[PDB]
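Asker: Build me a model:
(3 chains)
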Amino acid sequence: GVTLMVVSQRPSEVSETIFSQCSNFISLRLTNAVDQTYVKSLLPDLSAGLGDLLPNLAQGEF
Amino acid sequence: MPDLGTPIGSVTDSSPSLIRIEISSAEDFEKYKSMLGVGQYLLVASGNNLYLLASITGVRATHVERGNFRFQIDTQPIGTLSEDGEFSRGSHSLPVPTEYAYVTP
Amino acid sequence: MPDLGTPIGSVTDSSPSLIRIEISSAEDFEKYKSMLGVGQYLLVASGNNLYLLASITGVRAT
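Answerer: Residues are numbered from 1 along each chain as shown, chains lettered A, B, ... in the order given. See below for the structure:
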């Protein structure tokens, strides 16, 4: 009966052991390529078209 | 929000990371050259009295047959601009063909 | 369940990684401009009173 809500803004500098365990994911505007790649390397259900929306996302749009 | 004037061309292809424009005639290009170079900015319509701001990445001129020419441009999107003049970062919706494009005063 | 009205186009290709649609006229397009933009959804028939749900990734006007 213990759960987490980890947060960050540059995830590439975090222990991946922990990220590995997260089931549901959320994201917002991303612009730094490194983060894009490190994320896409991990997300289960990421299509291709979706991957190209991140930079063009507005504020609040998630 | 000021006036914009006559357009120059219209859209022919859209995508999440690319937009293409075709230009109507030559004289317009001959006139607007200085404002059609790389790096510069363009305005596009997106319906509901809005506008999209875009940048340029490539130009082209093709030869036509029956000399005369036909000009093409590529772009990249940045953000939105309401009717008032407020700039917002990131676009929510995108435009479609047969929509007009205007120069940046 | 409800009624959908009238179609707008037809199919000209099929594959597990892509589908392609063509348009009837320019007037139907001029009319439903505001629902064929990227990110939107469509409906397709596959026989047997069923339907398929698809999204959009590209438009062109030759």
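
Asker: who are the neighbours in contact with the residue of chain A found nearest chain C?
Answerer: With C-beta to the nearest C-beta, the shortest gap between chain A and chain C falls at residue A:49, namely 4.8 Å. Where you see a C-beta, it was placed from the backbone N, CA and C, and this is true even at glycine. Residue A:49 makes contact with B:16, C:55, C:57 under the criterion C-beta atoms under 8 Å, 6 or more residues apart in numbering or on different chains.

Asker: Repeat the analysis, applying 10 Å as the threshold.
Answerer: Residues near residue A:49 by C-beta atoms under 10 Å, 6 or more residues apart in numbering or on different chains: B:15, B:16, C:38, C:39, C:55, C:56, C:57, C:58.

Asker: Then it would be within a helix, right?
Answerer: Yes - under DSSP: H, G, I helix; E, B strand; the rest coil, residue A:49 falls within a helix.

Asker: Strands of chain B, residue ranges please.
Answerer: Per DSSP state E, chain B carries strands over the ranges B:9-14, B:19-23, B:41-45, B:51-63, B:69-81, B:87-89, B:100-102.

Asker: Make TSV from these and add distance to chain C and mean neighbour count to it.
Answerer: What follows is these, written out as TSV (distance: least, C-beta to the nearest C-beta, whole Å; neighbours: other C-beta atoms under 10 Å in any protein chain shown):
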stretch	distance to chain C	mean neighbour count
strand B:9-14	5	18
strand B:19-23	9	20
strand B:41-45	11	19
strand B:51-63	12	15
strand B:69-81	11	17
strand B:87-89	18	12
strand B:100-102	13	18
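
Asker: With residue A:4 as the reference, name the closest of these.
Answerer: Set against residue A:4 and scored by C-beta to C-beta, the strands of chain B come closest in strand B:87-89, at 30.3 Å.

Asker: Briefly note if the closest one comes near chain A.
Answerer: Yes - Strand B:87-89 lies within reach of chain A by C-beta under 10 Å from any C-beta of the partner chain, at B:88, B:89.

Asker: what lines up beside that strand in the sheet?
Answerer: Using DSSP bridges, strand B:87-89 pairs in its sheet with strand B:69-81 (antiparallel).

Asker: Quick one: distance of the strand it pairs with to the chain centre.
Answerer: 4 Å (C-alpha atoms, centre = their mean, to the nearest Å).

Asker: Name the residues of stretch B:90-98 that come out as buried.
Answerer: B:90, B:91, B:93, B:94, B:95, B:96, B:97 (16 or more other C-beta atoms under 10 Å in any protein chain shown).

Asker: From what I see, the fifth one and residue B:46 are in contact.
Answerer: Yes - using C-beta atoms under 10 Å, residue B:95 and residue B:46 qualify as a contacting pair, with a distance of 4.6 Å.

Asker: In contact with the closest residue to residue B:49 other than its chain neighbours: list those residues for me.
Answerer: Distance criterion C-beta to C-beta, 6 or more residues apart in numbering or on different chains; nearest residue to residue B:49, sequence neighbours excluded, is residue B:83 at 4.7 Å. Contact analysis of residue B:83 by C-beta under 10 Å, 6+ apart lists B:1, B:48, B:49, B:50, B:51.
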